[PDB]
Amino acid sequence: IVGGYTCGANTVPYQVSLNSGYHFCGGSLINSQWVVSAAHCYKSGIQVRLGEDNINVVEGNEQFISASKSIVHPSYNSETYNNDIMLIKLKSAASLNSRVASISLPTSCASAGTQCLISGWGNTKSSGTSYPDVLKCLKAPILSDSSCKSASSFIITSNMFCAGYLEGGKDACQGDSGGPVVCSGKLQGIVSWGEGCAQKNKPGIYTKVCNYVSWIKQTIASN
Ligand SMILES: COC(=O)[C@H](Cc1cccc(C(=N)N)c1)NC(=O)CNS(=O)(=O)c1ccc(C)cc1
Ligand SMILES: [Ca+2]
């Protein structure tokens with residue numbers, strides 16, 4: 001996260017860190033047994049880390065639980081990131097508590113201008129690299145498709161939305177992928193892609209979760 005702020009320990013209790021020997025992507029707890037993340041974060045041997053703040057220090061509220069099954073969206077396209085969403089089932093249910101908690105799924109989508117909270121342990125520099133230990137947060141509005149497309153010349157689909165600031169300076173970044181975009185109390189986005197970080201006219205692109213709630217619910221019910 002570039003241009004954001006230190007969340008404060010466990011203030012985003014639905015934020016998880018996906019770990020394969022090191023943090024590599026974020027995710028969001030949906031119930032005691034399931035995490036949602038980005039399909040492009042798929043890999044084998046994932047350990048889900050819940051209740052994290054400093055990802056390099058055991059602070060006492062962590063739960064580490066191995067993934068038992070991963071399900072990449074049926075229509076995920078790795079070239080365009082269309083349908084960049086994946087579900088991860090935990091080998092055992094998380095112990096839910098004030099620091100380890102699920103985030104509500106949307107019952108309707110979010111409109112342009114809606115403010116959201118984006119969070120993660122990704123790069124905090126727009127030029128070069130610095131990776132934080134503690135969770136970072138950023139407040140950012142959803143942009144209209146037309147403004148975003150004309151400003152960025154990105155190719156996006158109806159399963160994506162843009163969020164951030166066209167002036168640059170505030171954006172998600174490398175290492176934030178898979179993590180949450182929460183707007184008015186609902187998980188509306190997953191950190192997906194962009195170009196660079198926090199550059200002028202190159203806002204962040206996010207998986208539009210409200211398009212997937214039926215698939216999420218039926219997938220969980222059946223697995
Ligand atoms: C490749 O250069 C980067 O550092 C950024 C990191 C990143 C990751 C996620 C979000 C942001 C952001 N600023 N909101 C930045 N990656 C990318 O920007 C994209 N990775 S990418 O190059 O793999 C890629 C590019 C384009 C498509 C359609 C799919 C995948
Ligand atoms: Ca920790």
# chains A, B, ... in the order shown; residues from 1 in each chain; ligands from 1
call {"tool": "residues_near_ligand", "arguments": {"ligand": "ligand 2", "cutoff": "9 Å", "atoms": "only C-alpha atoms and all ligand atoms", "output": "VMD selection string"}}
result
chain A and resid 49 to 62 133 to 134
call {"tool": "write_last_selection", "arguments": {"atoms": "C-alpha atoms", "output": "CSV table (one decimal), in the first residue's frame"}}
result
chain,number,residue,atom,x,y,z
A,49,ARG,CA,-2.2,-16.6,8.6
A,50,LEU,CA,-5.0,-15.0,10.6
A,51,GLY,CA,-4.9,-12.4,13.4
A,52,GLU,CA,-1.7,-10.9,12.0
A,53,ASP,CA,-0.3,-7.5,12.5
A,54,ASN,CA,3.5,-7.6,12.3
A,55,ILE,CA,4.1,-10.6,9.9
A,56,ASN,CA,7.6,-11.0,11.1
A,57,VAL,CA,6.9,-11.2,14.9
A,58,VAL,CA,4.7,-13.6,16.9
A,59,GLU,CA,2.6,-11.1,18.8
A,60,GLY,CA,0.1,-13.6,20.4
A,61,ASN,CA,-3.1,-13.4,18.4
A,62,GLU,CA,-2.1,-15.4,15.3
A,133,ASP,CA,6.0,-5.5,8.7
A,134,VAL,CA,2.7,-4.1,10.1
call {"tool": "residues_around", "arguments": {"residues": "region 90-104 of chain A", "least_positions_apart": "2", "cutoff": "10 Å", "atoms": "only C-alpha atoms", "output": "ChimeraX atom specification"}}
result
/A:9-16,28-35,46-48,50-53,61-70,87-88,106-107,180,182,185-188
call {"tool": "select_by_dssp", "arguments": {"residues": "region 90-145 of chain A", "states": "strand (DSSP E or B)", "output": "PyMOL selection string"}}
result
chain A and resi 90+97+100+115-120+136-143
call {"tool": "residues_near_ligand", "arguments": {"ligand": "ligand 1", "cutoff": "9 Å", "atoms": "only C-alpha atoms and all ligand atoms", "output": "JSON, numbers by chain"}}
result
{"A": [1, 2, 40, 78, 79, 80, 81, 82, 122, 123, 126, 154, 155, 156, 162, 163, 164, 170, 171, 172, 173, 174, 175, 176, 177, 178, 191, 192, 193, 194, 195, 196, 197, 198, 199, 202, 203, 204, 205, 206]}
call {"tool": "write_last_selection", "arguments": {"atoms": "N, CA and C atoms", "output": "compact mmCIF listing (two decimals), in the first residue's frame"}}
result
# COMPACT_ATOMS: atom_id res chain seq x y z
N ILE A 1 0.84 -1.19 0.00
CA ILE A 1 0.00 0.00 0.00
C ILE A 1 0.88 1.25 0.00
N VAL A 2 0.69 2.11 -1.00
CA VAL A 2 1.45 3.35 -1.10
C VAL A 2 0.57 4.53 -0.69
N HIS A 40 -4.83 -15.07 -9.16
CA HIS A 40 -3.42 -14.96 -9.57
C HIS A 40 -2.47 -15.23 -8.40
N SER A 78 -5.66 -15.82 -16.91
CA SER A 78 -4.42 -15.32 -16.33
C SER A 78 -3.76 -14.25 -17.18
N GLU A 79 -4.15 -14.13 -18.44
CA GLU A 79 -3.61 -13.06 -19.29
C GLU A 79 -4.24 -11.70 -19.01
N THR A 80 -5.56 -11.68 -18.83
CA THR A 80 -6.31 -10.43 -18.69
C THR A 80 -6.73 -10.17 -17.23
N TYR A 81 -6.58 -11.20 -16.39
CA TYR A 81 -7.07 -11.23 -15.00
C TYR A 81 -8.58 -11.13 -14.89
N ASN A 82 -9.29 -11.39 -15.98
CA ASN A 82 -10.74 -11.49 -15.88
C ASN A 82 -11.09 -12.64 -14.91
N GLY A 122 1.74 -5.02 1.23
CA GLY A 122 2.48 -4.78 0.00
C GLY A 122 3.47 -3.61 0.05
N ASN A 123 4.22 -3.47 -1.03
CA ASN A 123 5.20 -2.40 -1.19
C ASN A 123 4.56 -1.06 -0.86
N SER A 126 6.19 4.18 -4.36
CA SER A 126 5.79 4.31 -5.76
C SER A 126 6.99 4.17 -6.69
N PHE A 154 -6.27 1.44 -19.75
CA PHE A 154 -6.38 0.03 -19.40
C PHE A 154 -7.55 -0.63 -20.14
N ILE A 155 -7.41 -1.92 -20.39
CA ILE A 155 -8.52 -2.75 -20.82
C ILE A 155 -9.05 -3.50 -19.61
N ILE A 156 -10.30 -3.23 -19.25
CA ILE A 156 -10.92 -3.89 -18.11
C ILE A 156 -12.25 -4.52 -18.52
N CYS A 162 -12.19 0.20 -10.94
CA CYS A 162 -11.02 0.98 -10.56
C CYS A 162 -11.28 1.71 -9.28
N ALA A 163 -10.24 1.87 -8.47
CA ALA A 163 -10.38 2.67 -7.26
C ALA A 163 -9.08 3.37 -6.99
N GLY A 164 -9.16 4.54 -6.36
CA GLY A 164 -7.98 5.30 -6.03
C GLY A 164 -8.06 6.76 -6.40
N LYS A 170 -1.51 7.46 -4.00
CA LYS A 170 -2.22 6.53 -3.12
C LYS A 170 -2.73 5.36 -3.92
N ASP A 171 -2.28 4.15 -3.59
CA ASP A 171 -2.65 2.98 -4.38
C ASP A 171 -2.27 1.70 -3.64
N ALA A 172 -2.82 0.57 -4.08
CA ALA A 172 -2.30 -0.72 -3.64
C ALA A 172 -1.04 -0.98 -4.44
N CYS A 173 -0.32 -2.03 -4.08
CA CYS A 173 0.93 -2.30 -4.75
C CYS A 173 1.33 -3.78 -4.63
N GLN A 174 2.50 -4.11 -5.15
CA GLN A 174 2.97 -5.50 -5.13
C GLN A 174 2.93 -6.07 -3.73
N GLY A 175 2.28 -7.21 -3.56
CA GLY A 175 2.23 -7.85 -2.26
C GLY A 175 0.89 -7.65 -1.58
N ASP A 176 0.09 -6.71 -2.10
CA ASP A 176 -1.27 -6.48 -1.62
C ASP A 176 -2.32 -7.33 -2.30
N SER A 177 -1.96 -7.90 -3.45
CA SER A 177 -2.88 -8.72 -4.24
C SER A 177 -3.59 -9.77 -3.43
N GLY A 178 -4.88 -9.95 -3.71
CA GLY A 178 -5.69 -10.94 -3.02
C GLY A 178 -6.38 -10.38 -1.81
N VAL A 191 -7.83 -7.03 -4.35
CA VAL A 191 -6.70 -6.39 -5.02
C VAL A 191 -6.23 -7.30 -6.16
N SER A 192 -6.25 -6.80 -7.40
CA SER A 192 -6.01 -7.62 -8.59
C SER A 192 -4.80 -7.15 -9.42
N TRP A 193 -4.88 -5.97 -10.02
CA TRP A 193 -3.77 -5.50 -10.85
C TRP A 193 -3.75 -3.99 -11.03
N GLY A 194 -2.89 -3.54 -11.94
CA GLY A 194 -2.69 -2.12 -12.20
C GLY A 194 -1.43 -1.99 -13.04
N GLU A 195 -0.82 -0.81 -13.06
CA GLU A 195 0.48 -0.65 -13.67
C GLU A 195 1.31 0.25 -12.79
N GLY A 196 2.45 -0.26 -12.35
CA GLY A 196 3.21 0.39 -11.30
C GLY A 196 2.35 0.52 -10.07
N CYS A 197 2.70 1.49 -9.23
CA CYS A 197 1.89 1.79 -8.05
C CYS A 197 1.82 3.29 -7.83
N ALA A 198 0.60 3.77 -7.61
CA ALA A 198 0.39 5.17 -7.25
C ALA A 198 0.87 6.17 -8.32
N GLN A 199 0.91 5.73 -9.58
CA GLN A 199 1.27 6.63 -10.69
C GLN A 199 0.08 7.44 -11.20
N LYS A 202 -3.03 6.01 -13.38
CA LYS A 202 -2.96 4.56 -13.39
C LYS A 202 -3.47 4.05 -12.05
N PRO A 203 -4.79 4.09 -11.85
CA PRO A 203 -5.39 3.67 -10.58
C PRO A 203 -5.37 2.15 -10.43
N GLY A 204 -5.74 1.67 -9.25
CA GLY A 204 -5.74 0.24 -8.99
C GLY A 204 -6.96 -0.42 -9.60
N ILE A 205 -6.80 -1.65 -10.07
CA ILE A 205 -7.90 -2.45 -10.61
C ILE A 205 -8.24 -3.59 -9.65
N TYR A 206 -9.54 -3.76 -9.40
CA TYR A 206 -10.00 -4.66 -8.35
C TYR A 206 -11.06 -5.62 -8.88
call {"tool": "select_by_dssp", "arguments": {"residues": "region 61-204 of chain A", "states": "alpha helix (DSSP H)", "output": "list in words"}}
result
residues 145, 146, 147, 148, 149, 150, 151 and 152 of chain A
call {"tool": "residues_around", "arguments": {"residues": "residue 111 (chain A)", "least_positions_apart": "5", "cutoff": "10 Å", "atoms": "only C-alpha atoms", "output": "number ranges by chain"}}
result
A: 141-144, 161, 183
call {"tool": "closest_residue", "arguments": {"among": "A:213, A:86, A:138, A:39", "to": "residue 116 (chain A)", "atoms": "only C-alpha atoms"}}
result
A:138
call {"tool": "atom_distance", "arguments": {"atom1": "CA of residue 212 (chain A)", "atom2": "CA of residue 189 (chain A)"}}
result
10.5 Å
call {"tool": "closest_residue", "arguments": {"among": "A:215, A:42, A:131, A:121", "to": "residue 20 (chain A)", "atoms": "only C-alpha atoms"}}
result
A:42
call {"tool": "closest_residue", "arguments": {"among": "A:128, A:120, A:113, A:179", "to": "residue 140 (chain A)", "atoms": "only C-alpha atoms"}}
result
A:113
call {"tool": "atom_distance", "arguments": {"atom1": "CA of residue 181 (chain A)", "atom2": "CA of residue 145 (chain A)"}}
result
16.9 Å
call {"tool": "atom_distance", "arguments": {"atom1": "CA of residue 6 (chain A)", "atom2": "CA of residue 137 (chain A)"}}
result
6.1 Å
